[PDB]
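Colleague: quick one: initial chain(s) of a complex, as found there:
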Amino acid sequence: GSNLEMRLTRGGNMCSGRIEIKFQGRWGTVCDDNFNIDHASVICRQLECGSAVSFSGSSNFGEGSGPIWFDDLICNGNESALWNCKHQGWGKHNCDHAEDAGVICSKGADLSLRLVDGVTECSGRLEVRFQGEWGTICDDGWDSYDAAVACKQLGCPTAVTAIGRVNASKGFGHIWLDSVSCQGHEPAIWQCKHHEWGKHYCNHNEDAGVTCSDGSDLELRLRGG
Amino acid sequence: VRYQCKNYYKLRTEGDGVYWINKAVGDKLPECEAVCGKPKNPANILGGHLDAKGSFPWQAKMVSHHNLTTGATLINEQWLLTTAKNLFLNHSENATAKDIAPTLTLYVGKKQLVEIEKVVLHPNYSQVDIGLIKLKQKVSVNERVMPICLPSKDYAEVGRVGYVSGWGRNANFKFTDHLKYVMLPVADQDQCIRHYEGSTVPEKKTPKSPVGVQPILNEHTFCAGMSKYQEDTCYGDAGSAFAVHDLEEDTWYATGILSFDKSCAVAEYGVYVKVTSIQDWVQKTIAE
């Protein structure tokens, strides 16, 4: 056929939402079984929405309604469409409408980074906005390279970048980002390798922070002796 | 309207679900039951094969009073299959089944604790190491909790590879933190009695087990050897189903229930009691 229009429903904008494919004259969703960032990457390039920020499968975008076209897909990342992987059969599935898979793309994402509860505007507890919610970052795997990327992304003197929130208390909400692995050259914090958004093995005590400075305001002395 | 229920369940009725008087049966108001052994993400204990995907929903973690983790197998939405030696842990040989039930703690799924209404042992549990566990209420079947189906055939034919999940001890003799499984092939029966007893003839049988204790070997049990990587089942794996995947209809069948888990890696074969032998007894027990 080669005329399968694909849309994203109930996700705020066009590039984010629940995947939905029209085949045989009817609109159908996709199961989240064996759904990873590779499948999310394919969907994002289908709509020309850029790279894949993350994927969702717990029907957070909303309950679906229709014939679930795809159940299990084997996508390595480089596909011309979602209907090119080993979809194990068309229409056949073992899901319900609660297992439908969504995707958030770069073009439609409102990703942002901010610093809150710090001594200055360049330091504090690092917070990121996924799906328009402000969440924190776990400090596991958070190193100076991630601090350098965060300092450059936010924008202020980044000559000296230090991890660890300054006097900042535990964050509240979600821990969107964990085990960030930046090499120091990424434009922002979400282009680095990390865990799936929202999935983590941390608590809000381990909330990651950053200390951006030009080196003029770092003083160290010995007291009491 | 038509009566239909959610996933992992099949309608249990006579004629469709269109109704409130039904033109087929009247006012039956059917209730739909669970699904035989169709895991959401099927698979494909000293050894590895970490059950990362939750490929064995039927496996249940049974802990005794003195904290010896053992295994159980969901056979239907409310009952489970285990071994009589597992239920008699921390109990006298004369202890009945009435006081065993409050002792046990059962976990299905991730850690979903389920209350045990009653426990019934096999009448000949000295020869057929089987005990049945009944829950207080039917468990909620999902991608992590789902009964295995009792086979209609005998899949214990030599050479058949079944997957043995387990919550028992590992290569460090530590009770495994995560559920594991192995792909043990059923071995020749004569080689198994010959391995444990003397010569498969009653007048020449001797306690020849490479491990201290002797398994219960009879016509109701088969044996599965170690896998290709010399991995087997260890203490606490008893009661776990010898799950066999029938490729024809894509259904998982409890071909056997692991009875002799003391074959960690020394004895070459683990002894599994045939479910088909006990299938008639368990079905009669489900009725009452």
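Modeller: That came through fine. Numbers count the residues shown, from 1 in each chain, chains lettered A, B, ... in the order given.

Colleague: Show me what from chain A comes close to chain B.
Modeller: For chain A, the residues in contact with chain B (CB under 8 Å from any CB of the partner chain) are A:33-34, A:94-96. All C-beta atoms are positioned from the backbone trio N, CA, C, and that covers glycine.

Colleague: Where do the helices of chain A begin and end?
Modeller: A:37-46, A:144-154 (DSSP state H).

Colleague: Would you reformat those helices as a markdown table and include mean neighbour count?
Modeller: Converted to a markdown table, those look like this (neighbours: other CB atoms under 10 Å in any protein chain shown):
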| stretch | mean neighbour count |
| --- | --- |
| helix A:37-46 | 22 |
| helix A:144-154 | 22 |
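
Colleague: can you redo those helices as CSV with distance to residue A:191?
Modeller: Shown next, in CSV, are the helices of chain A (distance: least, CB to CB, whole Å):
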stretch, distance to residue A:191
helix A:37-46, 13
helix A:144-154, 8
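
Colleague: Relative to residue A:208, which of these is closest?
Modeller: Smallest distance to residue A:208 across the helices of chain A (CB to CB): 7.7 Å, for helix A:144-154.

Colleague: which SS state does the residue of chain B found nearest chain A fall under?
Modeller: Among the residues of chain B, residue B:7 lies nearest to chain A; the distance is 4.2 Å by CB to the nearest CB. Secondary structure, DSSP: H, G, I helix; E, B strand; the rest coil: residue B:7 is coil.

Colleague: And for residue B:228, the neighbour number?
Modeller: By other CB atoms under 10 Å in any protein chain shown, the residues close to residue B:228 number 9.

Colleague: Quick check: residues of chain B near chain A?
Modeller: Residues of chain B lying near chain A (CB under 8 Å from any CB): B:6-7, B:38, B:40-41.

Colleague: Another chain to add, chain C:
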Amino acid sequence: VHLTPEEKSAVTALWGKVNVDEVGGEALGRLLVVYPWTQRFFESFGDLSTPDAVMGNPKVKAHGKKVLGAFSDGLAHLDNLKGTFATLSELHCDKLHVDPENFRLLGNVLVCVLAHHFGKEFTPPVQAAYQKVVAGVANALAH
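Modeller: Okay, here's chain C dropped in alongside the others:
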């Protein structure tokens, strides 16, 4: 638990003489030989049946070097092991599905390799310190 300064000093002193290019490969080969189910994850490393094939495998030696480098990285950050091993634990749990007990088995095999290499210098105190180290590494690399 926090590691005492004497135990830390003993661990560091014993690790200073550890051949990074060979000890890790020896430990990985011993793990694949003693526990053959660990060869399941290295089916792409070539022949692994004979123990001599396992120990002489160049890919096994390279991966043992990488594993021992990861051990050194966790040693330099003994007080922060979960943070340093988050990415490796995620890799092993999701991409590789390595059972956590394999990490404890490899830690024990590495302790055996260290004892084999250092003779009587691997005293029961430094062995206790290294057991604490490998237990921390395995726990940080698990779940």
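
Colleague: now with chain C: the neighbour count of residue B:228?
Modeller: 13.

Colleague: how much space between it and chain C?
Modeller: 9 Å (CB to the nearest CB, to the nearest Å).

Colleague: Over to residue B:213?
Modeller: In this view, residue B:213 and chain C are 24 Å apart by CB to the nearest CB.

Colleague: so what's that residue closest to, chain neighbours aside?
Modeller: Distances taken as CB to CB, 6 or more residues apart in numbering or on different chains put residue B:262 closest to residue B:213, at 5.3 Å, once the chain neighbours are dropped.

Colleague: these two touch, right, the one you found and residue B:212?
Modeller: Yes: under the criterion of CB atoms under 8 Å, residue B:262 makes contact with residue B:212 at 7.5 Å.

Colleague: And the two? Which one has more around it.
Modeller: Of the pair residue B:262 and residue B:212, residue B:262 is the one with more neighbours under other CB under 10 Å, namely 21 against 9.

Colleague: which secondary structure element contains that one?
Modeller: If you go by DSSP states H and E, residue B:262 is not part of any helix or strand.

Colleague: Residue C:55 against residue C:33, yeah?
Modeller: Yes: with contact defined as CB under 8 Å, residue C:55 counts as touching residue C:33 (7.2 Å).

Colleague: hang on, the earlier thing: for the residue nearest to residue B:213, what are its contacts?
Modeller: By CB atoms under 8 Å, 6 or more residues apart in numbering or on different chains, the contact set of residue B:262 is B:211-213, B:215, B:235.

Colleague: Please repeat the previous calculation with a cut-off of 7 Å.
Modeller: B:211, B:213, B:235 (CB atoms under 7 Å, 6 or more residues apart in numbering or on different chains).

Colleague: Go ahead and add chain D:
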Amino acid sequence: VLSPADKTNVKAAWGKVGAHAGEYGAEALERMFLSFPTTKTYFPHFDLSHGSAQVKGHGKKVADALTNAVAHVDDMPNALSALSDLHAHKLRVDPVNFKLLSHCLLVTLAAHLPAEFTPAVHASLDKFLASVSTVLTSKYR
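Modeller: Chain D now in position relative to the chains above:
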């Protein structure tokens, strides 16, 4: 399971252990007590300090038991039947402690026999110690 080659390697390794078996077992017990203090709960009547005469005697007994097991590698359950009953019922030693002691014995053999602790011999000795532990932990309940 112990292959004939594994049995040969175990017999050779324990033969070259020889008369040093008593102090090998004492060192293994000390290593188990230090590395894994949870195994000390099974010895509340022992003096568990370094160089203890009581720990040395118990290590000698353990090594004599291992020598008997090596000599009866084809009939280990019968050789260790008394010890199996003892550990499983009277002392109720949990099998994880048996694996810890096996690991400590392997560490002692590696530290004292580095030339003869080849990966094949190491695997064979690990298999033999696993067999000993399984025989001793079989009757545990």
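
Colleague: What about the contacts of residue B:262 again, now that chain D is present?
Modeller: B:211, B:213, B:235, D:138.

Colleague: how many neighbours does the second one have?
Modeller: This points to residue B:213. When counting by other CB under 10 Å, one arrives at 20 neighbours for residue B:213.

Colleague: Tell me where chain D has helices.
Modeller: D:4-17, D:21-35, D:53-71, D:76-79, D:81-85, D:95-112, D:119-137.

Colleague: picking that back up, just curious, which of the contacts of residue B:262 is nearest to residue B:273?
Modeller: Here the nearest of the contacts of residue B:262 to residue B:273, counting by CB to CB, is residue B:213; it sits at 15.9 Å.

Colleague: Which positions in chain C make contact with chain A?
Modeller: Within chain C, the residues that sit near chain A (CB under 7 Å from any CB of the partner chain) are C:82-83, C:86-87, C:90.

Colleague: What about these, which are in helices?
Modeller: Short answer: these in helices (DSSP H) are C:82-83, C:86-87, C:90.

Colleague: and the two most separated of the residues you listed?
Modeller: Going by CB to CB, the pair spanning those furthest: C:83 and C:90, at 12.4 Å.

Colleague: Please enumerate the helices of the stretch 151-288 of chain B.
Modeller: B:189-196, B:275-287 (DSSP state H, counting those that start in this stretch).

Colleague: winner for burial among those?
Modeller: Mean neighbours per residue, mean count of other CB atoms under 10 Å in any protein chain shown, is largest over the helices of the stretch 151-288 of chain B for helix B:189-196, with a mean of 19.

Colleague: Which strands or helices does it pack on?
Modeller: Under the contact criterion of 3 or more CB pairs under 7 Å, 6 or more residues apart in numbering or on different chains; DSSP states H and E, the helices and strands touching helix B:189-196 comprise strand B:221-225.
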